[PDB]
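Reconstructed Cβ throughout: ideal geometry from the backbone, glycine too, with neighbour counts over all protein chains shown. Every read-out reported here was derived from the displayed coordinates using simple, explicitly stated rules and does not represent laboratory data.
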Amino acid sequence: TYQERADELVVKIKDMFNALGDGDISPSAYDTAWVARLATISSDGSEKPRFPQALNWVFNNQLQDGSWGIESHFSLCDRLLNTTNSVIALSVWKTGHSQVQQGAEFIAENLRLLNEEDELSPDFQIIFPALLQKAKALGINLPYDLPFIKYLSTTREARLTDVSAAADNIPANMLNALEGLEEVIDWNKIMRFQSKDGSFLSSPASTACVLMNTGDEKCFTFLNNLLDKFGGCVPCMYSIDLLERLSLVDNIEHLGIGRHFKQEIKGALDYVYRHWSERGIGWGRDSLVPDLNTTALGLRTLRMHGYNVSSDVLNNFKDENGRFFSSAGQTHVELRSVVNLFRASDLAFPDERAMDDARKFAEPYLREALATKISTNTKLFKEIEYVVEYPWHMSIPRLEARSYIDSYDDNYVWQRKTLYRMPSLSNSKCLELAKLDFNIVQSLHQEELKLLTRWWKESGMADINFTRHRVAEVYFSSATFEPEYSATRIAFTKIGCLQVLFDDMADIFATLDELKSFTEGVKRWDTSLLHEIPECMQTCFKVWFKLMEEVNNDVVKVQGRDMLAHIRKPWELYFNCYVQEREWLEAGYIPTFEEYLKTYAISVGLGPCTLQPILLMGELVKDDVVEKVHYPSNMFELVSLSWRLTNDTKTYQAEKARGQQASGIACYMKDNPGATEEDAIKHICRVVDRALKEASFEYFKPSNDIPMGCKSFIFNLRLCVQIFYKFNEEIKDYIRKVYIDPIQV
Ligand SMILES: C=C1CC[C@H]2C(C)(C)CCC[C@]2(C)[C@H]1CCN(C)CCOP(=O)(O)OP(=O)(O)O
Ligand SMILES: C=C1CC[C@H]2C(C)(C)CCC[C@]2(C)[C@H]1CCN(C)CCOP(=O)(O)OP(=O)(O)O
Ligand SMILES: [Mg+2]
Ligand SMILES: [Mg+2]
Ligand SMILES: [Mg+2]
């Protein structure tokens with residue numbers, strides 16, 4: 001059964017968290033072969049392998065086709081690098097004759113397939129011809145003079161002269177390709193690039209090359225310890241203790257299953273936070289040179305989990321021209337790093353210039369990549385498309401999870417100088433659990449919708465012709481999906497349906513007098529004025545009043561005491577704003593921007609759909625805390641502001657055509673003669689953008705008295721308006737994906 005399989009996967013993933021160390025990463029043939037080339041001198045003066053275990057690994061790990069590499073993941077550049085270095089290692093030590101022969105055959109066959117249109121792997125044009133030069137000196141028979149191969153050698157020779165002609169020798173941005181630049185390196189000057197663990201850019205191949213030329217003891221210790229840890233081989237990079245923790249957390253949260261791992265996540269993030277630095281971070285705690293990907297992932301993930309981190313860490317990766325780079329130790333810019341840069345920018349607080357710069361660079365870069373470089377029919381296209389089309393402030397949690405389940409690749413191989421696996425980060429258990437859990441939670445939502453449809457009938461809403469499908473749309477907008485908040489979602493959906501009903505009532509039907517009558521009835525919180533309004537409005541009031549009774553009875557159970565006095569206020573405020581709107585409309589009055597917002601930021605309706613539902617979540621809301629989490633707290637007011645203004649930009653045109661003059665647009669223009677509608681819309685969008693960032697700041701802001709679950713419900717109500725009233729797919733598609741179609745498991 002689903003629940004049983006999910007339960008054991010949760011146990012298995014928790015074990016993974018508990019077992020986190022320096023990182024789970026595959027052996028690297030290219031790196032292990034470089035380590036295998038290293039010599040030591042015996043007592044008698046003869047040369048022998050310094051690391052015989054590494055040589056033996058090479059000896060024993062040739063693939064069936066004669067190459068070395070990752071068997072199920074063939075890539076031409078990877079296989080050529082792995083195989084050529086492996087044949088070099090065996091040849092140097094006069095061993096593995098048969099493997100050398102078959103290796104040379106593979107290389108010769110595949111050099112004939114390397115062409116000018118093949119996408120070459122990072123620094124391949126430097127590190128590969130360096131291997132060919134060595135192979136040729138060892139007398140290995142390969143077609144070195146094929147046109148494109150000669151071209152690679154010539155390009156490398158130009159790079160060599162650039163370094164030798166450089167006053168300061170090898171520049172930082174060539175560090176990634178150190179071992180391909182051996183014959184021109186200044187071995188004294190290069191040592192300034194060494195990490196505290198003795199490695200060079202965490203790369204065992206590069207570290208072996210430095211060791212070969214210098215004898216440096218710290219290089220030896222890094223390699224010796226790494227071989228011991230891996231049982232006689234090495235990976236392409238180590239350690240990866242920061243990247244692995246951050247990405248495991250990020251992936252789990254993104255997949256929609258983070259609620260199962262709260263304690264494990266806190267543990268992983270506490271570890272990373274200890275190693276967090278104003279200069280950014282690299283894959284591992286000992287990196288001298290940090291990288292954009294790990295730093296951006298760090299900024300986003302730590303911030304998302306309430307840690308205090310500064311966006312200024314991003315300035316470490318920005319050049320004079322406002323462009324970002326992945327690492328000072330390389331020349332190529334990695335697409336994944338730019339994706340994570342954009343995702344980190346989603347969590348900007350107000351006036352964080354580094355986030356502004358990050359997004360201004362990353363967004364065009366990603367859109368350019370989607371339009372020019374990425375194949376439409378891939379998980380990567382879908383993933384990045386979602387990143388830019390549904391960014392954080394318009395990302396509904398279940399939609400985000402559902403999309404990522406389809407774009408998460410659980411059989412992925414990473415590319416740096418060569419290919420490698422990180423089994424914690426491309427993980428079939430994580431994906432399987434995400435699918436099972438989504439289905440289980442979905443069944444819960446389906447039952448909630450079943451109860452809501454039953455209520456739709458029994459309450460009388462069906463009788464008064466409330467649209468059945470509107471129920472599901474309000475329900476979807478609740479956003480806070482976790483199983484423990486069923487009662488809150490159900491109450492929110494009932495109240496939202498009445499608010500939809502009320503708004504239509506106030507427009508299409510009610511006169512001002514009838515509106516005032518209805519409102520006085522709300523203020524009295526009784527049925528004493530039902531007689532003053534039309535039968536249809538009476539029915540509306542009665543459905544609402546009955547709901548209030550049922551909901552308030554439930555609030556007494558959860559909160560431990562009567563909270564009617566609190567609960568009455570938002571309903572009074574809401575209806576009073578309705579009368580104010582109508583008074584202005586009949587008087588043809590256009591308020592100032594400030595005066596407009598004072599009324600319309602309330603009338604948009606965040607008050608009623610939040611107070612009663614957040615009181616059913618479970619957290620204690622003390623009398624003095626109501627105003628700190630609900631109206632008029634800053635976060636609440638900011639969400640309200642985003643609601644009203646975003647709605648205005650989307651709908652003010654249609655409203656004007658119906659005789660409604662007051663809007664954010666019209667009122668700003670009245671305050672500001674000379675400002676066009678376009679100017680007002682631009683200003684309003686800036687106000688909304690800032691309000692969303694400010695709400696984010698307020699949300700993550702630590703407090704000793706404000707309940708975070710309640711804050712989360714209010715904060716995540718910002719999403720529905722951003723997604724529906726944004727200045728492709730529609731609501732029916734969202735509901736299908738989230739509530740109707742299960743995921744094939
Ligand atoms: C795209 C939408 C889904 C989510 C929904 C809520 C957020 C649940 C509140 C009602 C409006 C809406 C925004 C909704 C807009 C629907 N849009 C066609 C609204 C266009 O005008 P309308 O006369 O209101 O259409 P009707 O509502 O179907 O009669
Ligand atoms: C802004 C809203 C999003 C969230 C939504 C739920 C909470 C999901 C259900 C109740 C209605 C509403 C509050 C909803 C109200 C939107 N509106 C119908 C009400 C207010 O907007 P309006 O300018 O007076 O009319 P509109 O332009 O045609 O919409
Ligand atoms: Mg074999
Ligand atoms: Mg209206
Ligand atoms: Mg509107």
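Using the Kirkwood radius over C-alpha pairs as Rh, can you work out the diffusion coefficient of segment 26-227 via Stokes-Einstein at 4 °C, viscosity 1.567 mPa s, in µm² per second?
Approximately 75 µm²/s, per Stokes-Einstein.
Kindly write out, for segment 30-36 in residue order, the coupling ³J(HN,Hα) from the Karplus curve 6.51 cos²θ - 1.76 cosθ + 1.60 (θ = phi - 60°), rounded to whole Hz, with x marking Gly and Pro.
Result, ordered by residue: 4, 6, 4, 5, 5, 4, 5 Hz.
Using a Cα-Cα cut-off of under 13 Å, which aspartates and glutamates could be cross-linked to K598, ignoring same-chain neighbours fewer than 8 residues away?
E581, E637
Across segment 141-158, in residue order, what do the Karplus-derived ³J(HN,Hα) couplings come to in whole Hz, using 6.51 cos²θ - 1.76 cosθ + 1.60 with θ = phi - 60° and x for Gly and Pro?
Computed from phi, the couplings for segment 141-158 are 7, 9, x, 4, 9, 3, x, 6, 5, 4, 4, 4, 4, 5, 4, 4, 4, 5 Hz.
For the chain, what Kirkwood radius comes out of the mean inverse Cα-Cα distance, in Å?
29.5 Å
For a quick check of your reading of the filter: which chymotrypsin sites (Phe, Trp or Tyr not before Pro) in segment 133-238 sit in a DSSP loop and have no more than 13 other Cβ atoms within 10 Å?
Filter output for segment 133-238: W187.
Compute the length gained on full extension between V558 and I464: take 0.36 nm times their separation in residues and subtract their Cα-Cα distance, giving the result in nm to one decimal.
Working it through step by step, the gained length comes to 30.7 nm.
For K373, go through the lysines and keep the ones whose alpha-carbon is under 30 Å away, minus same-chain ones fewer than eight residues off.
In chain and number order, the partners are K150, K318, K360, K382, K417, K435, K726, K737.
May I ask you to evaluate 6.51 cos²θ - 1.76 cosθ + 1.60, the Karplus curve with θ = phi - 60°, for each residue of segment 650-664 and list the ³J(HN,Hα) values in order in whole Hz, giving x for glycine and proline?
3J(HN,Hα) across segment 650-664, in whole Hz: 7, 10, 5, 4, 4, 5, 4, 5, 9, x, 8, 9, 6, 7, x.
Figure the gain on full extension for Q661 and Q446 (residue separation times 0.36 nm, minus the Cα-Cα span) and round it to one decimal in nm.
On the way: separation 215, 0.36 × 215 = 77.40 nm, distance 4.13 nm.
Contour length minus the Cα-Cα distance gives 73.3 nm.
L242: net charge of surrounding residues, Cβ under 11 Å, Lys/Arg +1, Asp/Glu -1, itself excluded?
-2
Please state the relative contact order of segment 327-481 as a whole percent: Cα pairs under 8 Å, 6+ residues apart?
Relative contact order of segment 327-481: 16 percent.
For a Förster distance of 41 Å, can you work out the FRET efficiency between the beta-carbons of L120 and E217, rounded to the nearest 0.05?
Computed FRET efficiency for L120 and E217 comes out at 0.70.
Per residue and in Å³, how big is the convex hull formed by the alpha-carbon atoms of segment 635-701? Could you put the intermediate results ahead of the total?
Details: hull volume 5.4 nm³, N = 67.
Per residue, the Cα convex hull of segment 635-701 comes to 80 Å³.
Which trypsin sites (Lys or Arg not before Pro) does segment 511-615 hold that lie in a coil by DSSP with at most 14 other beta carbons within 10 Å?
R561
So how strong a dipole does the chain carry about its Cα centre when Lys and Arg Cβ are +1 and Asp and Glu Cβ are -1, to the nearest 20 debye?
Working: 82 positive and 105 negative charges, 133 e Å.
Dipole size: approximately 640 debye.
Would you please state which residues of segment 309-333 a label at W414 would reach in this model, taking the label point 7 Å out along Cα→Cβ and a backbone N cut-off of under 15 Å?
326-327
Please list, by residue number, everything in segment 237-260 whose backbone N is under 20 Å from a paramagnetic label point 7 Å out along Cα→Cβ of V745.
252-260
Determine the calculated [θ] at 222 nm for the chain from helices alone, applying -39500 (n - 2.57) to every DSSP H run no shorter than 4 residues and normalising by the residue count; nearest 500 deg cm²/dmol.
After summing the helix terms and dividing by residue count, I get -19000 deg cm²/dmol.
What do you get for Rg/Rh over segment 441-745 if you use C-alpha atoms and the Kirkwood form of Rh?
On the way: Rg = 19.4 Å, Rh = 20.3 Å.
Result: Rg/Rh = 0.95.
Once the Cβ-Cβ distance between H531 and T511 is put in as r, and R0 is 22 Å, what FRET efficiency do you end up with, to the nearest 0.05?
With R0 = 22 Å, the Cβ-Cβ based efficiency is 0.90.
Quick check: the distance between the Cα centres of segment 35-83 and segment 358-403, to the nearest angstrom?
40 Å
Take every Cα-Cα distance within segment 583-632, group them into 10 Å bins from 0 onward, and report for each bin the whole-number percent of pairs it holds.
Pairs per bin, as whole percents: 21, 39, 22, 15, 3.
Taking the Cα centre as origin and putting +1 on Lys and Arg beta-carbons and -1 on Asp and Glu beta-carbons, what dipole magnitude results for segment 441-745, to the nearest 20 debye?
540 debye
FRET efficiency for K569 and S703, Cβ-Cβ distance as r, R0 = 22 Å, nearest 0.05? All intermediate terms of the calculation are to be shown ahead of the outcome.
Values: r = 22 Å, r/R0 = 0.99.
So, using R0 = 22 Å, E works out to roughly 0.50.
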